[PDB]
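Written out below as structure tokens is the structure these notes cover.
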There are 2 protein chains.
Amino acid sequence: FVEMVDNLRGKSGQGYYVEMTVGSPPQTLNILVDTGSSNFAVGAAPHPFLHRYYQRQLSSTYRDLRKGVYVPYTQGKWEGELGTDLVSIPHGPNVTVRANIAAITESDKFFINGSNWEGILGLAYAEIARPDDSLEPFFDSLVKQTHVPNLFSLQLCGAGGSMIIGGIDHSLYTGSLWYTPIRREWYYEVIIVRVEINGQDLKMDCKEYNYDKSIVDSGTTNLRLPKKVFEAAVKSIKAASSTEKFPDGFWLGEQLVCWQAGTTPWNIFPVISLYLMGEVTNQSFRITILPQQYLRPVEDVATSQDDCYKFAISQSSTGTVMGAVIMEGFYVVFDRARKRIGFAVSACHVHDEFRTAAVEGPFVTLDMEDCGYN
Amino acid sequence: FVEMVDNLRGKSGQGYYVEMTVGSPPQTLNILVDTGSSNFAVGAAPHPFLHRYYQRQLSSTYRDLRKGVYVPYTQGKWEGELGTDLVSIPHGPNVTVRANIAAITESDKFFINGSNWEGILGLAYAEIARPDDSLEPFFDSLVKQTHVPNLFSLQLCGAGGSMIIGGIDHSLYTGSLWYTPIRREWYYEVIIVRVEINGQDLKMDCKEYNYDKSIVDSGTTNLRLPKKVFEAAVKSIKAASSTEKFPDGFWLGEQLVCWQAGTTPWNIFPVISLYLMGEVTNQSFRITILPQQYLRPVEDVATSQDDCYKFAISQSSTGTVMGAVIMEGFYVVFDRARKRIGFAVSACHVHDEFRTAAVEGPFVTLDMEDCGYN
Ligand SMILES: COc1cccc(-c2cccc(CC[C@]3(C)CC(=O)N(C)C(N)=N3)c2)c1
Ligand SMILES: COc1cccc(-c2cccc(CC[C@]3(C)CC(=O)N(C)C(N)=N3)c2)c1
């Protein structure tokens, strides 16, 4: 797996991507690693933001499926043509598979102007595949057609990172891996059973933490929290960090907040602990994230010249989202074979000589199933 | 006001815009009419999507305010330089004012590729102005510096439309105007006190309809409803329209729905009535919207060749949003002088020889203040 170490580039701001090849002969593309979707979708026309695009005409092995997809998002859409071709990951397992590929022919507010990737690797399950659950996702194909074991792991750094296809690499984490069940195979849905801020639980019904969903999503930047839990969550961190003062707009992601080089004090800000359903009845474990995770460098502002961070927590109609900023603290194992997700302390998380990112257990938590929304 | 009739172009899909001139000599720009924000912000560099941009160097009257703004949104941002200059609306009142202008120098996922406007006319109040409430919005300046009465009205058609600055035009509506109080002058916040689907109330706590906000917003396409009310809302329309069947993804705005020319039956779909707090204690009125409003032509799809509409209702962490698709049924009067918003049936709404858009009252509704979130 030394092969696959450091095979990712990018950042929580713009996404993490892996190099892939598609078609015969191989056309190289940079492709967003997205555990929050299930389509393998690549730019296939000369949109001006794009460095590279898939040229089906140049591939002997391409096969048209004579079917189109139209894919709207909150504020983004794409449209494309469905087909299959031969797909490989240079710095992945040494195999080549025939995968579905959506050739993206039209899009709005999808590709990022200035980014270095040209497609999306949707790594979630068939259920949320577009247009329907009969379009086999890349990873299912990879598992079906080769002997690659049914799991992958992500270490997102932005301290790029590593995607280990088919296994786990011990160099990427410290301590022990703790596993939460995948509640259902659609998104990478999990159950948060308790939340503490600094060391004190919001003491709210845990069903709220997972209303209607909680998911792990390498293609969302932030920790996203339901309206009702975002209210409470911010209420507590806001009050936790009453040393200094910050505007109302900041907490709603409406303006950035700034300090000078070094003058950002993490320590006004509390660590955050999410307790996840464990593998055993009445057993949980917890993951603890630092302020460095929830306050992210907004790299360039010419209208300022300060350490200006954005508050990396936000609200949602669609549930908890554990995003890149949460994942950056951890080695995360998507153990599809066993319907579970493993978390360990990332060997590349950013830590002072004070606090740290932590994965701890067992804890005793009763009635954890009741925390899920049906 | 015949002057100002038909002074808008666009559609709920891409926005409605009015022609403005800025600087001396006049530089003409098309500018989004946005009752959901409070900044006058114009493209001021050659972003390639843009037809036109503000060139401050060409204006004798421009004045730099030596201050920058950085303005993040859910998925869009812009950055610009603050200044003032002389602003006019060719097909508006014959005046010219000195307004704040944010010269947009950098942006992502803000401007629309293929659109015909280059800036935003933020018509809401100082409270939500960026960077703070001391940046005087265009409309406050217009009222301060001229004798233009403190109100405007919008007729959004997309059957373009009309913005009447300083008054009301009787040709744009039928029947009577009914007024709901502006609960607070930040957004154009209102209070929905009851909701019926086809003719039956969701029977849920009205405080939910306005959690945390309800607003009128010409720069949002959809009717947006809180998570909890969106659930119930869809539950009822879904069941209302059980003649035919549509996928789960459709209702969540995840895929479009299609029929052939003429084969879309509105009549499987129920009319929707929102009851708004009235001007008098225990008095309300109601606005009734057709399926034509909540199911919007998604104009071009090459992956299909059918009447493919998108479901124009969606959920929100930030409240009810009465958007362009709601406003298209009505003449809407933003009567800032009297802290109220008037609704009447639009003389340009689209109606069969069956149902219609309606504004009706009085109704007796007790405890309407309790419907607002504090
Ligand atoms: C860390 O990942 C990032 C950061 C910033 C932007 C993106 C990004 C940009 C364009 C497209 C996508 C993919 C979007 C989607 C297919 C649908 C969606 O709403 N989400 C959140 C996911 N996960 N995948 C991501 C990813
Ligand atoms: C009908 O209006 C539309 C339709 C489609 C897109 C827009 C649009 C495109 C780009 C920018 C904006 C302005 C956004 C904002 C300043 C912030 C925001 O989130 N909203 C909803 C509002 N109202 N104004 C609109 C407007």
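Per chain, numbering begins at 1; letters A, B, ... match sequence-line order. Every number for a ligand or one of its atoms is a count from 1 in the order of the listing.
Note on ring orientation: taking the six-membered ring where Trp is involved, the planes of B:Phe138 and B:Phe40 are tilted (angle from 30° to 60°). Note: B:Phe230 and B:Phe311 have tilted aromatic rings, judged against thresholds of 30 and 60 degrees for the angle between ring planes. The aromatic rings of B:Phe49 and A:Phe49 lie parallel to each other, their planes meeting at an angle below 30°, with 60° marking the opposite boundary. Ring-plane geometry between B:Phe152 and B:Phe334 is classed as parallel, the angle between the planes falling under 30 degrees on a 0 to 90 degree scale with a further cut at 60.
Residue contacts with ligand 2, taken as heavy atom pairs separated by less than 4.0 Å, do not involve A:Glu254 at all. With a 4.0 Å heavy-atom cut-off, ligand 1 is reached by the side chain of A:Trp117 but not by its N, CA, C or O.
Atom 26 (C) of ligand 1 has A:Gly219 O, 3.3 Å as its closest protein atom, hydrogens excluded (heavy atom only). From the protein, the heavy atom lying nearest to atom 12 (C) of ligand 1 is A:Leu32 CD2, 3.9 Å. Nearest non-hydrogen protein atom to atom 5 (C) of ligand 1 is A:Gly13 O, 3.2 Å. The protein non-hydrogen atom at the shortest distance from atom 20 (N) of ligand 1 is A:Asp217 OD2, 4.0 Å. In terms of protein heavy-atom proximity, atom 14 (C) of ligand 1 is closest to A:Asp34 OD2, 4.3 Å. Counting only heavy atoms of the protein, atom 6 (C) of ligand 1 lies nearest to A:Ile112 CD1, 4.0 Å. Counting protein heavy atoms only, atom 21 (C) of ligand 1 is closest to A:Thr220 OG1, 3.2 Å. Closest to atom 19 (O) of ligand 1 among all protein heavy atoms lies A:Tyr73 CD2, 4.3 Å.
At a 4.0 Å cut-off, not a single heavy atom of A:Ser115 sits close enough to ligand 1 to count as contact. Remark: distances from the non-hydrogen atoms of A:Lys109 to ligand 2 include one below 4.0 Å. At a 4.0 Å cut-off, at least one heavy atom of A:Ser218 sits close enough to ligand 1 to count as contact. At least one heavy atom of A:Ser12 sits less than 4.0 Å from an atom of ligand 1.
With no hydrogens or angles considered, no side-chain donor-acceptor pair links A:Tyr16 and A:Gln155 at under 3.5 Å. For the residue pair A:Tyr17/A:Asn116, the side-chain donor-acceptor check at 3.5 Å is satisfied. Of the N and O atoms on the side chains of B:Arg336 and B:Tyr188, at least one donor lies less than 3.5 Å from an acceptor on the other residue.
Atom numbering of ligand 2 starts at 1 in the shown order; those under 4.0 Å from a heavy atom of B:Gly36 are 23 (N). Applying the 4.0 Å criterion to heavy atoms of A:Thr221 picks out, from ligand 1, the atoms 4 (C), 5 (C).
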Between side-chain atoms of residues 118-126 of chain B and protein atoms elsewhere (two or more places apart, or another chain), which donor-acceptor pairs fall under 3.5 Å?
{"from": "B:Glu118", "atom 1": "OE1", "to": "B:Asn30", "atom 2": "N", "distance (Å)": "2.9"}
{"from": "B:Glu118", "atom 1": "OE1", "to": "B:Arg52", "atom 2": "NE", "distance (Å)": "2.9"}
{"from": "B:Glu118", "atom 1": "OE1", "to": "B:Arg52", "atom 2": "NH2", "distance (Å)": "3.4"}
{"from": "B:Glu118", "atom 1": "OE2", "to": "B:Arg52", "atom 2": "NH2", "distance (Å)": "2.8"}

Identify all side-chain donor-acceptor contacts of residues 69-79 of chain B below 3.5 Å with residues at least two apart in sequence or on another chain.
{"from": "B:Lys77", "atom 1": "NZ", "to": "B:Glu106", "atom 2": "OE1", "distance (Å)": "2.8"}

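In this structure, of B:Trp78, B:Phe110, B:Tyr187, the residue bringing a heavy atom nearest to atom 10 (C) of ligand 2 is B:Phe110.
Because its NZ or CZ atom is both nearer than 6.0 Å to the ring centre of A:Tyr187 and within 45° of the ring axis, A:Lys213 counts as a cation-pi partner of that residue.
Under the 3.5 Å distance criterion, the side-chain polar atoms of A:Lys109 are matched with a main-chain donor or acceptor of B:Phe110.
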